[PDB]
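A.B. asks: I need the structure of the sequence given here:
(one chain, ligands or ions: 2)
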Amino acid sequence: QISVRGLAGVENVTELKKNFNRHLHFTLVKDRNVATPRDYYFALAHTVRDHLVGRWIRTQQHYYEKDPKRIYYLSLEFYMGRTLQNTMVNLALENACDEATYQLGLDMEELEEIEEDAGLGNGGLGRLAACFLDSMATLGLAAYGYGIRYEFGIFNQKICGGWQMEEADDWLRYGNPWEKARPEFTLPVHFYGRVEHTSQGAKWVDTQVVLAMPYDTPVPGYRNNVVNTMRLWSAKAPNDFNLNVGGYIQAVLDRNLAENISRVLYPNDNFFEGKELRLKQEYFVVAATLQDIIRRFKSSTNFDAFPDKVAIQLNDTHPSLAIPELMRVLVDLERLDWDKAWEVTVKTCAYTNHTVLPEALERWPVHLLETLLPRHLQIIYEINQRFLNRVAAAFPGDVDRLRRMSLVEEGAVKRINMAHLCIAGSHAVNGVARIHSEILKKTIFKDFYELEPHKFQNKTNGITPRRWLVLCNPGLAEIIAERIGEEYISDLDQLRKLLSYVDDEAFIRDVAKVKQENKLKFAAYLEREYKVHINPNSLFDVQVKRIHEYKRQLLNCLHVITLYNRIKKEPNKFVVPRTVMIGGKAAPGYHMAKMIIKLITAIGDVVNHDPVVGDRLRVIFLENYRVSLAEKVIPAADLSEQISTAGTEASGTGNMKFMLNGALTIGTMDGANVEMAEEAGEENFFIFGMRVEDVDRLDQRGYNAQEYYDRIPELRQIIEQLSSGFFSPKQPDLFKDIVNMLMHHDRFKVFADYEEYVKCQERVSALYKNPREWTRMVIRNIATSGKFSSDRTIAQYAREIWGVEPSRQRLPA
Ligand SMILES: O=C(Nc1ccccc1)C(=O)N[C@@H]1O[C@H](CO)[C@@H](O)[C@H](O)[C@H]1O
Ligand SMILES: O=C(Nc1ccccc1)C(=O)N[C@@H]1O[C@H](CO)[C@@H](O)[C@H](O)[C@H]1O
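C.D. replies: Numbering: from 1, shown residues only. Ligands and ions are numbered 1, 2, ... in the order given. Sharing the structure here:
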């Protein structure tokens with residue numbers, strides 16, 4: 001149908017059809033008379049997966065022959081989403097499969113909807129890892145993603161009576177056609193035990209063993225025949241585990257305890273919970289991964305070359321135990337001297353920070369590490385002692401610096417600061433957007449920057465244009481390709497060529513047509529699967545991201561209520577119709593976040609049923625926001641809400657997805673919004689509110705929310721409506737906690753940005769009244785979105801941290 005989706009050759013289509021029928025028969029053990037839609041999905045997945053095998057085997061043998069430096073990306077989260085369409089896109093198989101299935105009497109899009117998301121992440125950090133894997137393969141890097149194969153991913157969100165309910169994400173129930181179990185590469189991981197000091201070195205003894213079984217998933221590069229590996233570990237009890245009939249049976253049942261390690265993803269976004277099971281998960285991935293790395297390195301004794309052949313990237317502090325684990329193996333097992341082992345470790349490891357919120361930073365109680373990982377604790381103490389001796393030599397007499405920089409935090413319970421460990425043990429430390437990286441050097445890691453300035457870098461985040469343009473918005477990808485060709489898909493900077501089309505009447509019409517079609521398609525999705533009715537001609541105002549106070553969904557809520565109150569005051573006055581869509585999951589134990597969701601639905605309940613409002617304002621909570629839903633709503637959006645308090649959103653990546661897909665942005669100068677505005681021009685961005693400096697000034701003075709309440713009559717009305725039970729008639733005090741927080745303990749200064757936000761939103765509505773000028777500004781955004789390709793980001797990691805050169809060169813098919 002459309003060019004960017006590839007060729008549908010006679011030979012290919014015939015071969016796809018016959019292999020589809022072969023799998024339906026031999027693999028699924030079905031015929032066409034009994035086959036269900038799910039059977040058809042699986043037959044297709046197997047048909048496509050067959051095309052990966054040859055390339056996968058030859059990519060890995062190529063790495064064996066050439067022996068390039070290997071990149072190991074360690075993460076507790078990989079938010080992959082669906083794999084079928086992505087695989088077809090990267091293999092140029094989409095049109096061929098579409099044709100083949102069409103001739104078999106099947107709709108491929110319908111089959112694609114059957115696949116479960118691989119929801120092995122919470123949000124931004126997990127999705128970044130996924131985009132990164134795609135870019136690393138597309139850039140021909142010898143890269144491996146290493147993580148955990150959770151049996152249960154991020155929970156499925158159900159909304160019941162306006163409240164979030166959680167249910168287990170049983171994503172493996174029907175099987176996963178995209179993984180290959182590798183039970184022959186199973187490795188032991190050790191826990192507990194004790195440290196024994198012998199004549200020659202320390203020994204870690206009397207441990208309990210859990211097995212780590214790897215599952216490999218292919219990661220195809222974009223049309224370069226490269227297929228890299230994501231290896232995810234699953235926990236397995238050894239056969240003699242816990243080994244009378246009651247006794248025998250119980251011993252077998254108790255194997256569950258060991259296997260619980262990989263059972264479920266911790267559902268916290270930007271928060272630290274010091275649970276033993278989480279620590280076990282963190283060590284489990286680290287221990288199994290490092291053994292795999294060392295084994296592969298030896299199959300190339302001399303560890304001087306280790307950093308020349310290995311890079312380990314730590315996705316935040318979650319796999320920070322890689323540092324003392326590498327030291328443990330090098331010192332205790334390989335018998336290297338401390339100083340050499342340390343040199344190797346530092347040159348191998350690099351650390352990426354993803355948040356400055358203090359509650360999110362990992363600080364593990366010493367007593368936990370003492371029991372679970374006694375040898376690692378000893379190594380951490382030794383690292384700390386040697387590190388502090390260095391600090392003391394550089395800043396003599398600065399006793400407070402010593403305590404501030406210590407890996408060991410004193411207090412009620414002694415804790416290890418994992419971020420401090422990571423900085424000490426890495427040759428590179430980076431933030432994820434220019435403003436964030438500057439904040440790291442100026443505030444939370446200031447002491448470390450002063451000691452080792454060369455270590456600190458920036459690597460602004462990005463998104464893959466494959467999933468986030470070609471896959472989810474083929475219509476836009478096509479109208480761009482018609483003008484500037486196809487090369488932009490792996491060279492997004494080429495989108496700048498679209499600037500010469502900003503006055504092109506045909507292109508303006510095409511951009512606007514593509515958006516309208518996307519909005520119609522999404523409006524049809526909402527009716528079919530949720531029976532909700534929306535005006536497709538209205539401005540699609542969307543805020544999708546995890547529910548957190550710093551992201552300020554509440555500020556959005558305040559604007560929504562302002563609009564409703566204004567309509568009610570002057571009903572027969574024209575307003576630009578809006579569909580306000582808010583979606584995202586709340587962490588199960590985050591009360592305030594759960595209250596915010598209830599508020600959103602409560603506002604919708606009132607607004608959506610007021611006859612005076614009509615089709616002029618609609619408020620919808622998008623249930624179960626996840627990668628597959630993002631691929632649907634983002635292409636349909638007109639306005640992207642990126643309204644975090646300045647200095648709180650490290651980067652954001654949802655922002656980039658919207659920019660690439662033809663939405664305009666209303667946002668604070670926070671995270672990557674700053675660079676987005678810089679790329680597009682501030683005239684082409686709806687910027688409002690406090691900058692970081694303004695927040696700092698307010699903090700010095702003290703933030704008094706009452707001041708705003710007293711001086712803004714429209715804000716007073718909203719608070720009074722909330723408190724009185726206007727939005728909860730049967731439970732008048734339902735939102736008392738929200739009001740109290742806003743008035744008395746608001747860390748994120750919702751009121752301080754209220755006036756500027758509402759004013760800015762009026763300017764959005766004004767522009768939307770002029771479709772031609774709206775679209776022209778959209779073109780200016782898409783055209784300057786190139787910087788935010790994860791290909792750019794990965795190329796920078798490669799050259800500036802890993803010391804490897806990216807390549808767009810094809811491997812033979
Ligand atoms: O090939 C497989 N997965 C794969 C292949 C290519 C790309 C992505 C995933 C796979 O899972 N094969 C399974 O191996 C089992 C033995 O190890 C067989 O019993 C299964 O029938 C087969 O599906
Ligand atoms: O810190 C994060 N997650 C987390 C933190 C602790 C425990 C589990 C997950 C996180 O997701 N941070 C986000 O990283 C994104 C990718 O760099 C950024 O775009 C976001 O700004 C940041 O909040």
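
A.B. asks: and for residue 159, the neighbour number?
C.D. replies: Other residues near residue 159 come to 16 when the count uses other CB atoms under 10 Å. No exception for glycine: its C-beta is placed from N, CA and C like everyone else's.

A.B. asks: ditto for residue 185
C.D. replies: The number of residues near residue 185, taken as other CB under 10 Å, comes to 16.

A.B. asks: OK, contacts around it?
C.D. replies: Neighbour list for residue 185: 213-214, 292 [criterion: CB atoms under 8 Å, 6 or more residues apart in numbering].

A.B. asks: ok, the residue nearest to residue 124 when sequence neighbours are not counted - how many residues close by?
C.D. replies: Excluding its sequence neighbours, the residue lying closest to residue 124 (CB to CB, 6 or more residues apart in numbering) is residue 653, at 5.5 Å. Neighbour count of residue 653, defined by other CB under 10 Å: 24.

A.B. asks: same thing with the one 4 residues further on?
C.D. replies: By the criterion of other CB under 10 Å, residue 657 has 29 neighbours.

A.B. asks: residue contacts, it?
C.D. replies: 463, 468, 630, 634.

A.B. asks: show me which of these are buried.
C.D. replies: In the contacts of residue 657, burial by neighbour count holds for 463, 468, 630, 634, counting by 16 or more other CB atoms under 10 Å.

A.B. asks: which ones among those lie within strands?
C.D. replies: Of these, none are assigned to strands by DSSP state E.

A.B. asks: need the residues you listed in JSON lines with distance to residue 420, can you?
C.D. replies: As requested, these are exported to JSON lines (distance: CB to CB, whole Å):
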{"residue": "463", "distance to residue 420": "31"}
{"residue": "468", "distance to residue 420": "35"}
{"residue": "630", "distance to residue 420": "35"}
{"residue": "634", "distance to residue 420": "37"}
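
A.B. asks: who wins on neighbours among the contacts of residue 185?
C.D. replies: residue 214 (23 neighbours).

A.B. asks: what's opposite that residue in the beta bridge?
C.D. replies: Note on residue 214: beta-bridge partners residue 233, judged by DSSP bridges.

A.B. asks: distance of it from residue 299?
C.D. replies: As judged by CB to CB, to the nearest Å, residue 214 and residue 299 stand 16 Å apart.

A.B. asks: and what of residue 90?
C.D. replies: Taking CB to CB, one finds residue 90 at 29 Å from residue 299.

A.B. asks: more neighbours, the two?
C.D. replies: The neighbour comparison of residue 90 against residue 299 (other CB under 10 Å) goes to residue 90, with 27 against 8.

A.B. asks: please report phi then psi for the closest residue to that one other than its chain neighbours.
C.D. replies: Distance criterion CB to CB, 6+ apart; nearest residue to residue 90, sequence neighbours excluded, is residue 220 at 4.2 Å. Here is the backbone geometry of residue 220 (degrees, to the nearest 10): phi -80, psi 140.

A.B. asks: residue 125 belongs to a helix, doesn't it?
C.D. replies: Yes: secondary structure assignment places residue 125 in a helix (DSSP: H, G, I helix; E, B strand; the rest coil).

A.B. asks: give me the distance between it and ligand 1.
C.D. replies: Residue 125 sits 25 Å away from ligand 1, going by CB to the nearest ligand atom, to the nearest Å.
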